[PDB]
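Participant: If you scroll down you'll find the structure; I have some questions about it.
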Amino acid sequence: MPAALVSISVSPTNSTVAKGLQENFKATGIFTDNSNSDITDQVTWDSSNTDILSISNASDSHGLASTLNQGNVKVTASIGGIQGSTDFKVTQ
């Protein structure tokens with residue numbers, strides 16, 4: 001019988017990065033109610049409020065985070081059940 005168990009496992013990297021750059025990650029979200037990649041559920045992403053940070057998760061799985069601030073920013077995103085977050089520190 002059918003069942004819903006959308007399990008998403010993201011392995012973000014918590015570290016510091018140079019101003020203006022893009023980081024690639026990996027996110028696999030599949031549900032027994034519909035064997036698909038993380039994209040349909042529309043994983044909600046959030047970025048700190050320092051200068052400017054925008055992270056978008058590809059339709060395949062890997063997510064691309066673009067940062068361009070000067071200081072410290074905390075990026076987090078949750079989809080369905082399991083969720084994860086990454087650390088982005090921009091220093092001169």
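To be explicit about the labels: the chains of the structure tokens are called A, B, and onward in the order shown, and within each one the residues are counted from 1, while ligands get numbers from 1 in the order they are shown.
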Can you pull out the residues contacting range 39-51 of chain A? Cut-off 10 Å, using only C-alpha atoms, and skip same-chain residues under 6 positions away; I want them as a VMD selection string.
Facilitator: chain A and resid 6 8 27 to 31 57 to 61 65 to 80 83 to 86 88
Participant: Output N, CA, C and O atoms of each residue in that selection to a file, as a compact mmCIF listing (two decimals), in the first residue's frame.
Facilitator:
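Result written to result-v7.txt:
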# COMPACT_ATOMS: atom_id res chain seq x y z
N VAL A 6 8.40 11.36 3.17
CA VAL A 6 9.35 12.28 2.57
C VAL A 6 10.57 12.48 3.47
O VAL A 6 10.51 13.21 4.46
N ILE A 8 14.35 13.87 3.66
CA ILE A 8 15.35 14.71 3.02
C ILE A 8 16.59 14.84 3.90
O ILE A 8 16.52 15.32 5.03
N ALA A 27 21.16 17.41 -1.61
CA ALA A 27 19.91 17.17 -0.90
C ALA A 27 19.06 16.13 -1.62
O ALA A 27 18.68 16.32 -2.78
N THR A 28 18.76 15.03 -0.94
CA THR A 28 17.96 13.96 -1.52
C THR A 28 16.65 13.79 -0.76
O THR A 28 16.62 13.20 0.32
N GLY A 29 15.56 14.29 -1.34
CA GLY A 29 14.26 14.18 -0.70
C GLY A 29 13.29 13.36 -1.52
O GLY A 29 12.80 13.81 -2.56
N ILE A 30 13.00 12.14 -1.05
CA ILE A 30 12.08 11.25 -1.75
C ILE A 30 11.00 10.74 -0.81
O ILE A 30 11.27 10.42 0.35
N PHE A 31 9.77 10.66 -1.31
CA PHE A 31 8.65 10.19 -0.51
C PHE A 31 8.01 8.96 -1.15
O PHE A 31 7.84 8.90 -2.37
N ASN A 57 17.80 26.02 -4.18
CA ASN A 57 18.05 24.59 -4.33
C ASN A 57 17.62 24.09 -5.71
O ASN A 57 16.44 24.20 -6.07
N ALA A 58 18.56 23.56 -6.47
CA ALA A 58 18.28 23.05 -7.80
C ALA A 58 17.10 22.08 -7.77
O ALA A 58 16.67 21.64 -6.71
N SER A 59 16.58 21.76 -8.95
CA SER A 59 15.44 20.84 -9.07
C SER A 59 15.90 19.39 -8.94
O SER A 59 15.13 18.52 -8.55
N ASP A 60 17.16 19.15 -9.28
CA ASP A 60 17.72 17.80 -9.21
C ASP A 60 17.93 17.38 -7.76
O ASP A 60 17.35 16.40 -7.29
N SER A 61 18.77 18.13 -7.04
CA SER A 61 19.06 17.82 -5.64
C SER A 61 20.04 18.84 -5.06
O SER A 61 19.72 19.56 -4.12
N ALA A 65 24.01 28.03 -3.12
CA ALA A 65 23.85 29.18 -2.24
C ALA A 65 24.77 30.32 -2.65
O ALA A 65 25.98 30.14 -2.77
N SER A 66 24.19 31.50 -2.87
CA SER A 66 24.95 32.67 -3.27
C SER A 66 24.96 33.72 -2.17
O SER A 66 23.91 34.24 -1.78
N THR A 67 26.15 34.04 -1.66
CA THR A 67 26.29 35.03 -0.60
C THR A 67 27.12 36.22 -1.07
O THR A 67 28.01 36.07 -1.90
N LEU A 68 26.83 37.39 -0.52
CA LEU A 68 27.55 38.61 -0.88
C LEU A 68 27.45 39.65 0.23
O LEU A 68 27.18 40.82 -0.03
N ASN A 69 27.66 39.22 1.47
CA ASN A 69 27.60 40.11 2.62
C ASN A 69 28.96 40.26 3.28
O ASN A 69 29.92 39.58 2.90
N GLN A 70 29.05 41.14 4.27
CA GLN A 70 30.30 41.37 4.98
C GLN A 70 30.12 41.14 6.48
O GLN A 70 29.80 42.06 7.23
N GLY A 71 30.33 39.90 6.91
CA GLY A 71 30.18 39.57 8.32
C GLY A 71 29.84 38.11 8.53
O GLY A 71 30.57 37.22 8.11
N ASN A 72 28.72 37.86 9.21
CA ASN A 72 28.27 36.50 9.48
C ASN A 72 26.80 36.32 9.12
O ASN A 72 25.96 37.16 9.44
N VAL A 73 26.50 35.22 8.44
CA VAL A 73 25.13 34.92 8.03
C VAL A 73 24.77 33.47 8.31
O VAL A 73 25.59 32.57 8.13
N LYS A 74 23.54 33.24 8.75
CA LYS A 74 23.07 31.89 9.05
C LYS A 74 21.98 31.47 8.08
O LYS A 74 20.85 31.96 8.14
N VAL A 75 22.31 30.54 7.19
CA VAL A 75 21.36 30.05 6.20
C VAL A 75 20.74 28.73 6.65
O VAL A 75 21.45 27.79 7.02
N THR A 76 19.41 28.66 6.62
CA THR A 76 18.70 27.46 7.02
C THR A 76 17.52 27.19 6.10
O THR A 76 16.87 28.11 5.61
N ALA A 77 17.24 25.91 5.87
CA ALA A 77 16.13 25.51 5.01
C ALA A 77 15.52 24.19 5.46
O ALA A 77 16.24 23.23 5.75
N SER A 78 14.19 24.15 5.53
CA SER A 78 13.49 22.94 5.96
C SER A 78 12.43 22.54 4.93
O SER A 78 11.73 23.39 4.38
N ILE A 79 12.33 21.24 4.69
CA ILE A 79 11.36 20.72 3.73
C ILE A 79 10.66 19.47 4.27
O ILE A 79 11.31 18.48 4.58
N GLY A 80 9.34 19.54 4.37
CA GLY A 80 8.58 18.41 4.87
C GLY A 80 8.95 18.05 6.30
O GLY A 80 8.53 18.72 7.24
N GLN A 83 15.26 18.43 8.20
CA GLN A 83 15.74 19.72 7.70
C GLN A 83 17.19 19.96 8.14
O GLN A 83 17.68 19.32 9.06
N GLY A 84 17.86 20.89 7.46
CA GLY A 84 19.23 21.20 7.79
C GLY A 84 19.57 22.66 7.55
O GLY A 84 18.78 23.40 6.97
N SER A 85 20.75 23.07 8.00
CA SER A 85 21.19 24.45 7.84
C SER A 85 22.70 24.52 7.62
O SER A 85 23.44 23.61 8.00
N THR A 86 23.15 25.60 6.99
CA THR A 86 24.57 25.79 6.71
C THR A 86 25.08 27.10 7.31
O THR A 86 24.32 28.04 7.49
N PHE A 88 27.58 30.34 6.96
CA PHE A 88 28.33 31.15 6.00
C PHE A 88 28.92 32.38 6.67
O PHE A 88 28.20 33.27 7.12
Participant: Could you pull out the residues in chain A that DSSP calls strand (DSSP E) from the backbone, as a count of residues only?
Facilitator: 43
Participant: May I ask which of the residues A:10, A:64, A:4, A:18 is the closest one to residue 92 in chain A, counting only C-alpha atoms?
Facilitator: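 Ranking A:10, A:64, A:4, A:18 by distance to residue 92 in chain A, first place goes to A:18.
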Participant: What does the structure give for the distance between CA of residue 38 in chain A and CA of residue 16 in chain A, in Å to one decimal?
Facilitator: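 Pair CA of residue 38 in chain A / CA of residue 16 in chain A returns 25.8 Å.
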Participant: Between A:52, A:37, A:26, A:63, single out the one closest to residue 9 in chain A, counting only C-alpha atoms.
Facilitator: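 Closest candidate: A:26.
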Participant: With distances taken over only C-alpha atoms, which of A:24, A:7, A:54, A:15 is nearest to residue 36 in chain A?
Facilitator: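 So, comparing all the options, the nearest one is A:7.
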Participant: Could you work out how far CA of residue 35 in chain A lies from CA of residue 12 in chain A, giving the answer in Å with one decimal?
Facilitator: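 Separating CA of residue 12 in chain A from CA of residue 35 in chain A is a distance of 23.0 Å.
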Participant: With distances taken over only C-alpha atoms, which residue among A:56, A:32, A:22, A:13 lies nearest residue 87 in chain A?
Facilitator: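 Nearest candidate to residue 87 in chain A out of A:56, A:32, A:22, A:13: A:13.
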